[PDB]
Amino acid sequence: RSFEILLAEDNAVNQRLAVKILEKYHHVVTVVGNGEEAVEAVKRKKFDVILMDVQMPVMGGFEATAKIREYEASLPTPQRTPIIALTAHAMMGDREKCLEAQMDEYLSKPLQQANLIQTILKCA
Ligand SMILES: [Mg+2]
């Protein structure tokens, strides 16, 4: 049921929307505002699923994902946390690109509740 979610999203407005949805379904959300902070969070705590904005200041979702996969591999007991890409843009082989970038699923913004919750359940 209840999941620990890392949300990386640079836009404050979008952070609040996503948190409202996720908390409505009893999830526990850690919110960060860039890719560097997401990498730092993954080193400190195990999450059930990561929601990762593609375009972010300081460090984007593709770069952060690469670092996360490398770190989680380097562990004595390796782990792999699923990552869902969040993108405003959509529909032209984006999902494959995301999957090539080592992400698991994609969601277009603005986030749709049904899709968000079902994709988390698919992943976690
Ligand atoms: Mg962004």
Side-chain angles (χ1 to χ4, degrees), residues 2-3 5-43 45-88 90 93-95 98-99 101-124:
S2 170
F3 295 129
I5 302 179
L6 175 67
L7 172 65
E9 164 62 64
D10 57 285
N11 181 322
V13 171
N14 291 159
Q15 291 176 354
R16 290 186 226 101
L17 293 167
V19 166
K20 204 166 128 185
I21 295 173
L22 295 168
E23 285 184 346
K24 164 179 188 254
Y25 293 79
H26 315 302
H27 302 138
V28 177
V29 187
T30 303
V31 177
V32 306
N34 68 58
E36 164 185 68
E37 293 178 353
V39 172
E40 293 177 350
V42 164
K43 294 186 177 154
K45 180 148 70 164
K46 223 232 171 197
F47 300 91
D48 296 296
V49 65
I50 296 162
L51 309 169
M52 184 84 70
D53 200 10
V54 173
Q55 290 208 180
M56 285 186 292
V58 183
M59 186 193 304
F62 282 4
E63 308 93 289
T65 292
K67 283 180 148 155
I68 285 162
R69 299 274 177 239
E70 184 132 290
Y71 174 75
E72 287 195 315
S74 80
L75 297 183
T77 299
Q79 64 180 44
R80 184 183 188 288
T81 304
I83 297 173
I84 305 171
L86 313 178
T87 171
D94 277 358
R95 178 158 199 285
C98 288
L99 264 63
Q102 303 183 252
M103 274 146 153
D104 297 284
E105 306 286 351
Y106 97 98
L107 289 168
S108 51
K109 288 142 77 178
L111 297 180
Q112 307 295 295
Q113 178 166 84
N115 293 247
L116 177 53
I117 279 57
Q118 76 91 8
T119 304
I120 290 163
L121 287 170
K122 188 184 180 184
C123 282

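These numbers come from the heavy atoms of this one structure, side chains and all, not from hydrogens, waters or symmetry mates. Along the sequence shown, the residues carry numbers beginning at 1.
With rounding to the nearest 0.5 Å, the separation of CD in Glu40 from NZ in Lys67 is 9.5 Å. A distance of 10.5 Å separates CG of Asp10 from CD of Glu37, quoted to the nearest 0.5 Å. The distance from atom SG of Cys123 to atom CG of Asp48, rounded to the nearest 0.5 Å, is 11.0 Å. Taking CD1 from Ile83 and CZ from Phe47, the interatomic distance works out to 11.5 Å, rounded to the nearest 0.5 Å. Between the CZ atom in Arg69 and the CD atom in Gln79 there is a gap of 10.5 Å [rounded to 0.5 Å]. In this structure, OG1 on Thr81 lies 5.0 Å from CD1 on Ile50, to the nearest 0.5 angstrom.
Partners of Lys20 according to the side-chain contact (heavy atoms from CB on, under 4.5 Å) rule, which considers only residues two or more places apart in sequence or in another chain, do not exist here. Legend: residues meeting side-chain contact (heavy atoms from CB on, under 4.5 Å) with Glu70, ordered by chain and number and at least two apart, are absent. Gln15 is linked by a side-chain contact (heavy atoms from CB on, under 4.5 Å) to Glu9, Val31, counting only residues two or more places apart in sequence or in another chain. Partners of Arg80 under the salt bridge (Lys or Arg N to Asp or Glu O under 4.0 Å) rule, at least two apart in sequence or in another chain, are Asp104.
Across all non-hydrogen atoms, the minimal contact from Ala38 to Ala8 is CB-CB, 4.1 Å. Closest heavy-atom contact between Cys98 and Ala85: SG-CB, 3.7 Å. Of all the heavy atoms in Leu111 and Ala18, the pair that sits closest is CD1-CB, 4.0 Å. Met103 and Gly61 make their closest contact through CE-O, 3.7 Å (heavy atoms, listed as atom of the first residue, atom of the second, distance).
Listed for the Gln112 side chain is a donor-acceptor partner under 3.5 Å among the backbone atoms of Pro110. Side chain of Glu63 to backbone of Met59: no donor-acceptor contact under 3.5 angstrom is found.
Counting heavy atoms from C-beta outward, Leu22 and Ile120 have side chains that approach closer than 4.5 Å. Taking the side chain as every heavy atom from C-beta outward, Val42 and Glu72 approach each other to under 4.5 Å. Looking at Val54 and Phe62, their side chains come closer than 4.5 Å, going by heavy atoms from C-beta outward.
Hydrophobic clustering, defined by side-chain heavy atoms of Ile, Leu, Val, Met, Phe, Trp and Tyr closer than 4.5 Å, groups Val13 together with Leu17.
Hydrophobic clustering (ILVMFWY, side-chain heavy atoms < 4.5 Å, transitive): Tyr71 and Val39 are in one cluster. In the hydrophobic clustering of this structure, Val49 groups with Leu121; members are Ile, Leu, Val, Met, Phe, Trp, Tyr whose side-chain heavy atoms approach within less than 4.5 Å, directly or through other members.
Put simply, the residue from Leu6, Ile21, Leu7, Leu51 that forms a side-chain contact (heavy atoms from CB on, under 4.5 Å) with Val29 is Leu7.
Listed by first then second residue, pairs satisfying salt bridge (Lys or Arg N to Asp or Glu O under 4.0 Å) with a partner in residues 50-61 read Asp53-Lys109, not counting sequence neighbours.
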